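*Asks:*
Number of protein chains: 2
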Amino acid sequence: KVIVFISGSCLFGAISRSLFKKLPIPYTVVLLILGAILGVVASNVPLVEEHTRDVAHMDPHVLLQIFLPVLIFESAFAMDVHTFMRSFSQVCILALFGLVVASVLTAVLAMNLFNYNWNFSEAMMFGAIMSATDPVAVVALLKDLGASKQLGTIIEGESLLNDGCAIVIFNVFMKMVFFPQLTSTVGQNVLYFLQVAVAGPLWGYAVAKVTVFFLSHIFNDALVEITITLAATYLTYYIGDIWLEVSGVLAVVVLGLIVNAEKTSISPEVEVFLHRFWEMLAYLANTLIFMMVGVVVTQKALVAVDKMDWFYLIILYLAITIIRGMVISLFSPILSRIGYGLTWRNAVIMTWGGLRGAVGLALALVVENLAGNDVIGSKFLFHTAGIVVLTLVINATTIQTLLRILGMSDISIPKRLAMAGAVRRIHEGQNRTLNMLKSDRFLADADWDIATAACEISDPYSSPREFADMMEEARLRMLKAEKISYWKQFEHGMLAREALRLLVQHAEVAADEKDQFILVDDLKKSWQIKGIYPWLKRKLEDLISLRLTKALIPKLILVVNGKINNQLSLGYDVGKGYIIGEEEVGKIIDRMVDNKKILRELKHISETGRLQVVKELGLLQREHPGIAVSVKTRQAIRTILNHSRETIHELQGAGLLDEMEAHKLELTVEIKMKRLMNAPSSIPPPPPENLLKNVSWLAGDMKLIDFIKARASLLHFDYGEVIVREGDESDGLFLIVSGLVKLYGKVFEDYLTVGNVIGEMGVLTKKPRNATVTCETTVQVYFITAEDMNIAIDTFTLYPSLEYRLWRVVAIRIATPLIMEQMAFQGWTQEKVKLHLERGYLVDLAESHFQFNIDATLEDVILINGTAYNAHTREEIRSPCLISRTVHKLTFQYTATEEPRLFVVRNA
Amino acid sequence: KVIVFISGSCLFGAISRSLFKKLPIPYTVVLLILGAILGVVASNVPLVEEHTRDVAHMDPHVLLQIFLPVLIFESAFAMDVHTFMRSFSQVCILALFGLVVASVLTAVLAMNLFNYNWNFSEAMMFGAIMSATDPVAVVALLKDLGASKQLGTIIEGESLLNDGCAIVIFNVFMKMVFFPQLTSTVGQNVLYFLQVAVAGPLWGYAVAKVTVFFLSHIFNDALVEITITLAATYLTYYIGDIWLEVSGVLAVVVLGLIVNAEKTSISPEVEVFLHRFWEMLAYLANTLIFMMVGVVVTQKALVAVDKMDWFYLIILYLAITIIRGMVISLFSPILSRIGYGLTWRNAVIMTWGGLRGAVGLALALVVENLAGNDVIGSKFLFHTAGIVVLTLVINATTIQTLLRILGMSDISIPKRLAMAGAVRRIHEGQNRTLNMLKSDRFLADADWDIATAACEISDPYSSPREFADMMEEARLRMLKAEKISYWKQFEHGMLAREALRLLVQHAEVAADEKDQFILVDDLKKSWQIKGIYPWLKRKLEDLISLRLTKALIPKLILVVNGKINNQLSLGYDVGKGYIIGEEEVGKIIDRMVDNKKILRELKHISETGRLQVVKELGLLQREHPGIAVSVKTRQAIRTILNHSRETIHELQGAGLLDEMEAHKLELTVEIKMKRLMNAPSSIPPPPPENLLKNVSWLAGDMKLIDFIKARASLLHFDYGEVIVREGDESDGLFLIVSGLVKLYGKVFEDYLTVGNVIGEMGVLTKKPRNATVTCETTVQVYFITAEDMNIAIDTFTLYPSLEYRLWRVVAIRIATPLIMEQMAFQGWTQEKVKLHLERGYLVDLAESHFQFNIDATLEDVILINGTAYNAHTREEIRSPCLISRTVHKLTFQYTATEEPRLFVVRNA
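Quick mapping for you: the protein sequence lines, in order, are chains X and L. For the first sequence, the residue numbers in full-length UniProt numbering are 76 to 537, 571 to 653, 811 to 1011, 1031 to 1192. For the second sequence, the residue numbers in full-length UniProt numbering are 76 to 537, 571 to 653, 811 to 1011, 1031 to 1192.
#1: Determine whether the beta carbon atoms of residue 464(L) and residue 104(L) lie at a separation below 9 angstroms.
#2: Report the partner residues of residue 1003(L) according to the DSSP bridge assignment.
#3: Could you spell out the range, first to last residue, of the alpha helix (DSSP H) harbouring residue 1158(L)?
#4: For residue 280(L), which residues in the same chain have their Cβ closer than 7 angstroms to its Cβ, ignoring the five residues on either side in sequence?
#5: Among residues of its own chain, excluding the 5 on either side of residue 907(X), which ones have a beta-carbon nearer than 7 angstroms to its beta-carbon?
#6: For residue 981(X), which residues does DSSP report across the bridge?
#7: Please state whether DSSP places residue 431(X) in a helix, a strand or coil.
#8: Got a sec: which bits of the stretch 843-856 of chain L sit with their beta carbon under 7 angstroms from any beta carbon on chain X, in order along the chain?
#9: Identify which residue in 142(L), 138(L), 139(L), 113(L) has its Cα closest to the Cα of residue 128(L).
#10: With burial defined as no fewer than 16 other Cβ atoms inside 10 Å of the residue's Cβ, what is the status of residue 952(X): buried or exposed?
#11: On the DSSP bridge assignment, give the partners of residue 997(X) in chain order.
#12: For residue 922(L), does the three-state DSSP call read helix, strand or coil?
#13: Helix, strand or coil for residue 960(L)? Go by DSSP, reduced to three states.
#14: Check whether the Cβ of residue 951(X) lies closer than 9 angstroms to any Cβ atom in chain L.
#15: Counting Cβ pairs closer than 8 angstroms, one from the stretch 616-628 of chain L and one from the stretch 871-878 of chain L, do we hit at least three?
#16: Taking the C-alpha atoms as reference points, what is the distance between residue 1171(L) and residue 1152(L)?
#17: So is residue 613(L) buried or exposed if we call it buried at 16+ other beta carbons inside 10 Å?
#18: Might you give, ordered along the chain, the residues of its own chain that have their beta carbon closer than 7 angstroms to the beta carbon of residue 1077(X), omitting 5 neighbours on each side?
#19: State yes or no: is the beta carbon of residue 595(X) nearer than 9 angstroms to at least one beta carbon in chain L?
#20: Tell me where the alpha helix (DSSP H) around residue 987(L) begins and ends.
#21: By how many angstroms is the C-alpha of residue 895(X) removed from the C-alpha of residue 885(X)?
#22: Would you kindly check if the distance between the Cβ of residue 235(X) and the Cβ of residue 297(X) is under 9 angstroms?
#23: Any chance you could list the alpha helix (DSSP H) runs of at least 4 consecutive residues sitting entirely within the stretch 589-646 of chain X, in chain order?
#24: Output needed for residue 101(X): all residues of its chain with C-beta closer than 8 angstroms, excluding positions within five of it in sequence on either side, in chain order.
#25: Ignore the nearest five residues each way along the sequence and tell me which others in residue 1144(L)'s own chain have a CB closer than 6 angstroms to its CB.
#26: Three-state secondary structure (DSSP) at residue 1119(X)?
#27: So, under 8 angstroms CB-CB, residue 836(X) and residue 635(X) are touching, yes? Tell me the CB distance rounded to an integer number of Å.
#28: Going along the chain, which residues of the stretch 880-906 of chain X sit with their C-beta nearer than 7 angstroms to a C-beta in chain L?
#29: Of the residues that make up the stretch 1166-1184 of chain L, which ones have a beta carbon closer than 9 angstroms to any beta carbon in chain X?
#30: Going along the chain, which residues of the stretch 955-983 of chain X sit with their C-beta nearer than 9 angstroms to a C-beta in chain L?
#31: Just checking: is the beta-carbon of residue 614(L) within a distance shorter than 9 angstroms of some beta-carbon in chain X?
#32: Consult DSSP for residue 134(L) and reduce its assignment to one of helix, strand or coil.
#33: Mapping the DSSP letters down to three states, classify residue 309(X) as helix, strand or coil.
#34: Please check the pair residue 293(L) and residue 299(L), which I expect to be a contact at CB under 8 angstroms, by giving their CB distance rounded to whole angstroms.
#35: May I have the straight-line CA-CA distance separating residue 914(L) from residue 922(L), to the nearest angstrom?
#36: Taking just the CA atoms, how far does residue 402(X) sit from residue 176(X)?
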């Protein structure tokens, strides 16, 4: 009969989870105490003894084969994969060497001090039974105070590897000792060790790849893949169990890590369902094992203790703490020299941040039960229970106090000001909406005292010298603007999460150190990982280019392509993100400070960084076309789909569409995105004719396309060639089809790329050229004579006229800076302003008889070229300019040498 | 050894779910076929027989105690509870009598035709083994075509009750037959029947209430309550099993229904996790039982079949179909007379909408195994398998064809036009965003052919006569406007989901029938349920007002309080939603149609409905104060919290606040909402002094409150008393503190309530009174003389002046109609316009020296009283008016008899 015991264990777990939250110590200790109470009752009353004599003394097989795999698999599921793989080498070598040192030193201490007849293998059992740690309570404590999530990942990963190594060592030593009939020669022992080393994780990886490939073919089905994932985990556990008695847990851990790594092939709802399911199973097993071990230790272990044996555990705790501190203190300089060093605070937290959790108690129970009626099992269980019940309270309380007294639990001043601003805004909004609602003719009867009191809110957080402070405050303002620009870019969907995290980390580490802005050296190092051996592998196999090896070649090809493609995508993303952010800062910081040389320094730094990054990115695009084409196509499709989804949501919110149909369209869009995620890694570049067909003002009609193709000429130029200088008429119109081109002319300097037309302005107004063109590489260009351009534009007079298209494009491309300079308050992005200008339409002066009247319907009005006269104010207007909202009567003259153009933005 | 069998069963279920979706017939048939194949292999190869001789021949106890409770409990969990409780009586009586008739007629048919030696009990066995249905495939087919969701609710509920009754009958007859040692006298048989009837569901309800009360005390913990819910279900299953062999399933069903009913005490994430968990378990059980019964029927049942036995199957199918049709055809007129009648389409669908699912196969397996080596078990299993394999294909295909040929697979024309409009808008948005993105200087290299092709979208759906068509189109336009107004009101958070469903149902049933609008009689019947018997029980137990009953009284009082409070809240919500929607519709169709008599009819109908509903709602508020106060306070708190959450989300979207802090504030707001949900059902009304302190222009300053209280007088009036007429100076200002008051004066007519001040306009401009005041009940009023009013207003000259407050309030209350009349395009609500006017501020003419200039910064400008002269246009402006955006220079004069006031709206 067991039912009452497990039911009571679940109830007590719920009670100790609910009622014991405000105390600093974890709930589990309370559970242990409860078990102790039951034990003494089980000693006296025979009925409680009869009801506990079934789970109290349970077979070692079920515990060692069930309670351990669940715990170790849970410790390897909630782990973030990318952060762990960032610093896997450091954490694994640290955990391995720490466990080795701890085991050997605990063994020699057991020989020296414990004055027993313990053998060598018993000493390593007693040493490696407490080296394993299960510090889920550390993560529970540092979920809020652990600002550096890298520290949380490190403290979880080191514990995970320590648990794995401790399980391996204990199992091999138990098999060598408690079943002495087995031979113990090295000849097959080395084979067994290498088998445990390699044959496990390889099998886990193979089955993980197989099951992910199988799951990648199921679309819109949240029921089959749950069953497939659970069966995939169980069968590998079974095979790993028959494989070796130890390799099962390692293979299961590798499977869990690989499943958690992939995200595209599994929908998020299934992922969170599996997370919750596994967490619930882990919690239930954890509660059961604490209560069972408490009952066992109180019932039998305590009656065979001695005063010296009671004194020994304090010395054991001091010894384990001092060796744990010494190993990390000694390895700190080596990891500093390698490049993955630490500091005072991280070393001190790691020194006092280890809690002996559930695995130690499980192994103590197993060895106590296998020992039988001997003093050795009682000593193991008593010592493990004492060490755990001591550390799980002392280290928790002192780690809380130490976090309080040191710099971890501090709040930055900008964060406090941001909280104050948000609280003020919320209070203002609540006040205005309450004031509005009190004026209603239907809700004037509610008792406003409790209505006001219940909805209140509160913040959870409650000269050379002048030049130095102003430059410091300007630097902090610039970094804050850069951070909010990155956040805005992320929200719009033009930038991936990982690139956002990298950029924010770079911004914070640049702001932390004195008077240093964002360094382009670290960024170019970040995307310089393209200079790596996988490319050498690809070159070797392409040079190479027994019967079944043929089909072996492309698949490897594919994964190699994949294995680099993401990397370039990431790099490219960062570059684009950075450059856009920089431009926005260069538009907003201008009117913030009024010290001339400070603006000069800021502008010089920003311009140099912009030019260097754009040059390096253009050269990288020149190096390889296919990956750039694939990344650009994926970005365009993602932006289009995101905007379409936003339009669906807005149209639903207006009530025009019911919720069923909006859900259907959203599901279709999500299916399109999922099919996008499975796109080929690289695509061959388009031919030049497609590039000619893809320009803005030669689309929608083949007549203009082949009319231009009738007389379009192709030219080629090499390095160091000057194509056009200043002080001359616009001979023709260029179009870059390959290479990279530098343009410089009178102060500003820029680098173009493929797909950008050169000198559109020079052919419309016949202005002299104002650009010097040089070539940084080989280049092919398309040349069209201006005479043919004018003949063609005089030939076509349809309503979608080519003249209108070019004037619209040049107007928007010359008017984005004008709006973004002065009218750009907080909350405006390049994308928003570009779309808002896109919604507008150009106006002609034929129907207006050279007279325009400014209404309040049109948002803004600008003049590109020409002169706009006034009558009541009589003011001259130059070109180009944004017309301020003062004059509402714009008259125009007629001039043969110039015809004015004007642009407006209207409402929807 | 079983592992390979269950693993293969799960894998085959996965395949048959994946690669068999385009076919119309359900996947389960395929599974059956697969089992058959394995069976014949198990007949020949001894190894497959050795691997399948374990699960195929399984002990009946585990099947009858595991596979049945899960299967029955799943159908009671995904059920919508409110739709089932709406029409529980009809469905339960129909299911019970249908099962009784089917069982008896199948028994007598087994007597007449089967020419066996079967007794009477075996006849009921064969009759009630196929009466049970598991039509989850019917719901799967009707999830998209069954627009009338009440049909799905009925077809699921009738199946559920049929399954329960069939289980009860089967179990009692099996216990009476296969264990003949048991006594079969009636004396304790009637006791057993009543025990199964009553003792089960009462215990289930008791434990459901206990576990919901326990779960209501846990806040922000998504792990304890999962374990508590699962343990609560299991312990009741265990106790119900020990209680009676039959009552366990009924108790578990009642527990599941009650758990699904409550929603406030359980967070939604836990709810969806339990949904997915139970669905997965049910699917696994279904796959296992199908494959096992296929193996069993192919291996042994088929070898003892005769040609006449093969011929009888068609006759049984025809007989069961005609019986199922005849019973519903005969019960149709009775349900029509009761008030829950049906029509042709529902009767025909119910006639051919029953599929014998997994429960029939389970019961056939149990009786076949208990029969042992006898022909009777083989005959049962063969007949059940044949009936299922026939109906599960024939009825599915014919129900699909019949739905296609009937009007249920039809699309309304307005839905088609809405889809066309949405598709056009999406295509336009995609085109404009692609055109904008092609002008970028960084994404000009992507091959636009695949980019354009991949993101494309397609719609899933591809004289008396003139007066008649015009009134029909006007009526449909009015109903469409009302529907979109209801949707907008629901989105803003001022109206509950259930009231929205009720109002939309009323709208569509009003639109279905010719030339009649929304009826106030049905709505008043909807909120007249407050007159339900409970109120009589409440009055009796208040009049009444052995040792432990003292604590029993208040709990009963409280549960009666809640049981009436929910209904009254629903009624009040429906009333307010309807009245706001009617005002908006009456404001928007001011210029849609241009027929005079049509406008007169529309206005008369709308005004009569508005007046009747507001009068009845005011009288209901007069009847009982406490529930009205509680509902109003809850509504105000909900609106305030929703607006605060919206401000959090907007502030996060602007990048000013990071994600963590926004999540923290959102969690705090959600906790506040959760604590709101546990508010007391009713609260006492505030004293009249609190009402005097709660007005708009006497808040935030105690000095004005006591100054008004110095000379405020109290007056009382009764029914039929006229307080003030027209043609007289404004003697004083009123304030309603109790009762209901009618005001009528020269055409318009209205009823006020408590908290609305009467005649504010008469004391500012000293205008003669234009209202006739009558009393529909007893009334108390607060009277203040105008002399004290003007003395007080001349006394106070602080910047938050009382004069400014009254002018602001009267301005917004007179200016809401002006904006809502002409400027209201699609997408504007009363709340939005009220907030937009609230953000504005009144302007004084002292600093403007009687001269104002209209900019484009201010959105709109209005004039309340006075004359606004012009100079360049020279136009006089009457009062009140909205100034059109033509004149931008507004000059003012000075007059002793009138001082003009002007209102503006500025940007943020």
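Just so you know, even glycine gets a beta-carbon here, dropped at the ideal spot from N, CA and C.
*Replies:* A quick look at the data gives this:
#1: yes
#2: 1064(L)
#3: Note, residue 1158(L): premise wrong, no alpha helix (DSSP H); not H, not E.
#4: 329, 333
#5: 601
#6: Here residue 981(X) is bridged, per DSSP, to 1064(X).
#7: coil
#8: Answer in chain order: no residues at all.
#9: 113(L)
#10: exposed
#11: 1069(X)
#12: coil
#13: coil
#14: yes
#15: yes
#16: 11 angstroms
#17: By the neighbour-count rule (16 or more Cβ atoms within 10 Å), residue 613(L) is not buried but exposed.
#18: 1086, 1087
#19: yes
#20: It is not in any alpha helix (DSSP H) - residue 987(L) carries neither H nor E in the DSSP assignment.
#21: 14 angstroms
#22: no
#23: Along the stretch 589-646 of chain X, the alpha helix (DSSP H) occurs as fully enclosed runs of 4 or more residues at 605-620, 628-635, listed in sequence order.
#24: So the list reads 212, 215, 467, 471, once near-sequence residues are dropped.
#25: Within the same chain, Cβ atoms closer than 6 angstroms to the Cβ of residue 1144(L) are found at 1189, the five residues on either side in sequence being excluded.
#26: helix
#27: 3 angstroms
#28: 893, 894, 897, 898, 900, 901, 902, 904, 905, 906
#29: 1169, 1170, 1172
#30: 955, 956, 958, 959, 960, 961, 964
#31: no
#32: coil
#33: helix
#34: 6 angstroms
#35: 10 angstroms
#36: 8 angstroms
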